[PDB]
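Before any comments, here is the structure.
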Amino acid sequence: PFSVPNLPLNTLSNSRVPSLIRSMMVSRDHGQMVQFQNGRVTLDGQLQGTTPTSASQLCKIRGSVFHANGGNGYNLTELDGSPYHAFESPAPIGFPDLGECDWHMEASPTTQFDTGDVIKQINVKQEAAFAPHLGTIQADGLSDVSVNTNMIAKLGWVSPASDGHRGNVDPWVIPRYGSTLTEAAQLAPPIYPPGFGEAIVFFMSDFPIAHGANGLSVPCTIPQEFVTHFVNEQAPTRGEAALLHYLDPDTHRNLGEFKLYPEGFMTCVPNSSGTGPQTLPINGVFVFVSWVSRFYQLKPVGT
Amino acid sequence: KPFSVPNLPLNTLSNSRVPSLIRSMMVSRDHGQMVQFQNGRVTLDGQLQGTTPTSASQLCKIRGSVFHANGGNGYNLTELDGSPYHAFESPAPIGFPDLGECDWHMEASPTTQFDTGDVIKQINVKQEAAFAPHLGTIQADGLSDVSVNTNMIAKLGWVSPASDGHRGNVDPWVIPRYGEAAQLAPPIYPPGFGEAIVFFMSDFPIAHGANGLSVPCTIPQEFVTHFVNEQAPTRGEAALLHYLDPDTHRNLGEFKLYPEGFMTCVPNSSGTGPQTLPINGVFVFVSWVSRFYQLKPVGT
C-alpha cells in the first residue's frame, strides 16, 4: 500500500540542498513551471534526473584534476568513484542543480592526507567550459593540484555569476548541462500546475547564498526523506493523485488537504489570493488518505 | 507495525556519524570491545538517542550566536532550526559532531541573507577547557571580526589532530567530553556467542587519521529514519537479518540487529567477516530470535 513518511516536516531535508525544511509556499512568479533535476522521483520509487537516495550525496562532485589549454577542472565520476554514464543522467548523481551562479566548494583528496594544504577552496562557474553532461567542468583553485588527483568537492555557498549576466542567485533556475540538439529530452521532465485551482507546493530551506533572489531560500518539490521512502516502498500507483492530510500531531487537528501526483510533486488549493501553505506550522505530518481522480477538488488551505 | 529494515543497497546509504556514503562493512579487534557513539543511536522501535538526527542533513553541523569574552570567542548554541537547546533532550544540540579529541575545521555562514562571501568564516573548534556543548557553549578560533550576537550555521569540513598536541592522530572511535551529561546514549558491547559489532565505514576529510579517512558508525542514517518512521514494537531479543546478494538476491550471511540499534555477525576464523561481502547488497528482516541464537560465520 502507498504511504508517505509519518515524520514532522521540520526534521526533514530539502531534496536540492542538504538543509532542514524551514517552510512551505506556493509561487505566482515561479510556480508556472519548474524542471529541478534533484528531488525528482515517481510515487512508485523511480529516481529521475540527478536525484540520489541519500541527502549525503546532494551538492557533491567527484573527479580527477586535468590541466588543459590554460584551464583546470575535473573529469567527473560518480561520488562512489564509479564511472559517470552520460545516457543515464544529465550529470553524476547528486550534482548540484542550482543554475547560473558560482559554486564555492571545498575539494579534498579521496586518499588519506597529513595536512590541510591538500584541501582546496574551488569556484565552479557556469561558463563555456561547464559541460557536466560531457563529463567535464572547469574550476578555479586547482592550479597547484597535480594532474589526475582524485578529489571530492562539497558545495559551501553560491554567489552571482562571475560573468555579470545575473545580478542575483535565482534558486528557481537549473544549469545548462550540455549544448546538444536533444539536451532538454535527457532531463527529468518539466512540472506544471495541473488545473482545478491547484498550485505546486515548494518546500523551502536556507542555504548560504550571497545576493539570493529570495535571500537564503531554496525551493524543492518533495523532502529528501520522501524520495528515499518511495524508492524503499516501491508502492504501485493506483490512481491519478494521492490525497494527503497535513496533520498537527500536537493539537490533533487536520490543517489541510493536499494532492501528491505520480510525477512526485505535491499541490494544494491556496485560499483566494493567498500564501496558501506558508502560514501552516512546519512541525505537521503528511498522511495518505486515498487515491483520487485528477479532477478531485481540494478544500482551500491558508488565509 | 511489523518490524523491517530498508530494502536499499548499502552503497547508496549514508554514515550516521558523518554525511558520507557507506564504503564498506567491518568488525574491529582493537575497537569492537566498546563504543559509545552519540550519532547513529536509535532503538528498533524508533526512539532517537544521543545527538542523533532524523536527517543526514543535520549531521556534523552546529548553530549559535557569536559571543566575545576576554581572550576567547565562541557560540551560544541552539538547535539547527534556531529553537533553544534543552539539556533534558540530549548531551548537545541534535547533529552535533561526535568526533572526539580533535580540531573541527568548520565553515560558518550567517543565518540571515547576505550579499558577499566576506561574511563566510573558516573557524576551528578545539576540544579544550571552554568546549562545553552540554552547557550550550563552545569556543572557536576565526570569530574575532564577526559582530557579537551574529547568528551562524557552521558545517564540519575536515578534522585534524588536537591543537594541544596530546594526540598525534585523529581517532574516529573516540567521542567528545560533553559534560556527567544527561542523555548520553549508553555504551554498546559485543553480546557474546562469538558475535562482533558490525561497523559501517565512510570516508571523511581527516588529517592524520588513525584509520586514514575511515569513520565507523553502528547503523546507516537511512536505517535510523526508517525505525523512527515505522515505530515497530520490538517483539524479541534480536532481529535476525539476511544480507542479500544484488545479482542472485541470495543470502550471503546472517546478522543480529539488537533493540539498542547495533548489529552483530560471527566472523569466520580468518577475521575480516563482512568486509569481503559486496557493498551493494540489501539487509532484509527474517524473524525475531533469542539472544542465544548462534549465527553461521560470515566471510573468509
Side-chain angles (χ1 to χ4, degrees), chain A residues 9-10 12-40 49 55 58-59 96-104 124 126 155-162 164-176 190-193 199-224 265-268 270 273-282 301-303, chain B residues 57 61 63 80-82 107-120 150-153 155:
Chain A
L9 270 189
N10 70 319
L12 304 189
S13 180
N14 203 278
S15 55
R16 287 179 72 214
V17 288
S19 183
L20 293 181
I21 304 306
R22 198 179 156 174
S23 64
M24 289 180 278
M25 76 178 278
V26 296
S27 182
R28 180 180 62 89
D29 306 338
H30 305 283
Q32 298 175 315
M33 188 192 70
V34 299
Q35 201 169 3
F36 308 144
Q37 295 303 301
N38 289 323
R40 300 306 302 274
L58 278 179
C59 288
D97 76 347
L98 293 172
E100 293 184 42
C101 58
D102 287 11
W103 298 349
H104 304 272
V124 181
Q126 291 180 55
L155 189 58
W157 57 286
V158 299
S159 69
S162 273
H165 90 272
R166 185 182 295 276
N168 63 28
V169 175
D170 185 342
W172 301 91
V173 172
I174 57 158
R176 183 73 177 282
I191 297 168
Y192 308 118
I200 304 159
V201 174
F202 298 100
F203 304 89
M204 313 305 293
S205 293
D206 288 345
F207 194 76
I209 303 173
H211 209 151
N214 310 116
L216 299 192
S217 300
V218 171
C220 76
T221 47
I222 210 67
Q224 181 56 36
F265 73 90
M266 191 181 300
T267 67
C268 67
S273 46
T275 61
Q278 192 189 120
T279 58
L280 296 189
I282 203 61
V301 71
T303 57
Chain B
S57 287
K61 285 169 183 162
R63 176 174 180 162
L80 192 53
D81 71 348
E107 185 159 270
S109 59
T111 56
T112 288
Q113 60 171 96
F114 53 93
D115 291 320
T116 71
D118 305 313
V119 298
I120 308 283
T150 298
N151 199 76
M152 297 181 101
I153 291 180
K155 176 179 102 202

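Lettering follows sequence order; numbering is per chain, from 1. Values reported hereafter were calculated over all heavy atoms of this structure, with side chains retained and with hydrogens, waters and symmetry mates removed.
- Between A/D206 and A/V218, every side-chain heavy-atom pair lies at or beyond the 4.5 Å cut-off.
- One distance of note links CG of A/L98 with CD1 of A/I174; it measures 11.0 Å at 0.5 Å rounding.
- Across all non-hydrogen atoms, the minimal contact from A/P175 to A/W103 is CG-CZ2, 4.3 Å.
- Across all their heavy atoms, A/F207 and A/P18 have their closest contact at CE1-CD, 4.4 Å.
- Under the salt bridge (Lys or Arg N to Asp or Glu O under 4.0 Å) test applied with A/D97, the options A/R16, A/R176, A/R40 reduce to a single match, A/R16.
- In this structure, A/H104 and A/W157 have parallel ring planes: the angle between them is below the 30° cut-off, well short of the 60° mark.
- Ring geometry for A/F202 against A/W172 counts as perpendicular: the plane angle is over 60°, on a 0 to 90° scale with 30° as the lower cut.
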Side chain to side chain contact (heavy atoms under 4.5 Å, CB included), that's the test. Do A/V201 and A/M25 meet it? Break it down for me. CA-CA 6 Å; A/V201 174; A/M25 76 178 278; over 6 Å; no
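- Under the 3.5 Å distance criterion, the side-chain polar atoms of A/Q37 are matched with a main-chain donor or acceptor of A/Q35.
- Closest of all the heavy-atom pairs between B/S57 and A/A55 is OG-CB, 3.5 Å.
- Distance check, rounded to the nearest 0.5 Å: CD1 of A/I222 to CE of A/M266 gives 4.0 Å.
- Contact record, A/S217 with A/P171: O-CG, 3.4 Å, taken as the closest heavy-atom pair.
- A salt bridge links A/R166 with A/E100: the distance from a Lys NZ or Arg NE/NH1/NH2 to an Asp or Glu carboxylate oxygen falls below 4.0 Å.
- In this structure the side chain of B/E107 never reaches within 4.5 angstrom of the side chain of B/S109, judged on heavy atoms.
- Taking both residues in full, the closest heavy atoms of A/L9 and A/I282 are given as CB-O, 3.2 Å, listed atom of the first, atom of the second, then distance.
- To the nearest 0.5 Å, the span separating CD on A/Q32 from CD1 on A/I191 amounts to 14.5 Å.
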Could you go through the side chain to side chain contact (heavy atoms under 4.5 Å, CB included) check for B/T112 and B/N151 one step at a time? CA-CA 8 Å; B/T112 288; B/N151 199 76; over 6 Å; no
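- Checked options A/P223, A/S13, A/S15; the residue passing with A/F203 is A/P223 (criterion: side chain to side chain contact (heavy atoms under 4.5 Å, CB included)).
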Report the C-alpha separation of A/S19 and A/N14 in whole Å, then their side-chain angles, then the decisive distance to 0.1 Å, and conclude whether the side-chain hydrogen bond (donor to acceptor under 3.5 Å, both in side chains) test is met. CA-CA 6 Å; A/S19 183; A/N14 203 278; over 6 Å; no
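- Expressed to the nearest 0.5 Å, how far CG of A/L216 lies from CE of A/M204 amounts to 10.5 Å.
- To the nearest 0.5 Å, atoms CG (A/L280) and OG (A/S23) are separated by 10.5 Å.
- Of all non-hydrogen atoms in A/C268 and A/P277, the two that sit nearest each other are SG-CD, 3.8 Å.
- Here the straight-line distance linking atom CG of A/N10 with atom CD1 of A/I21 works out to 10.0 Å at 0.5 Å rounding.
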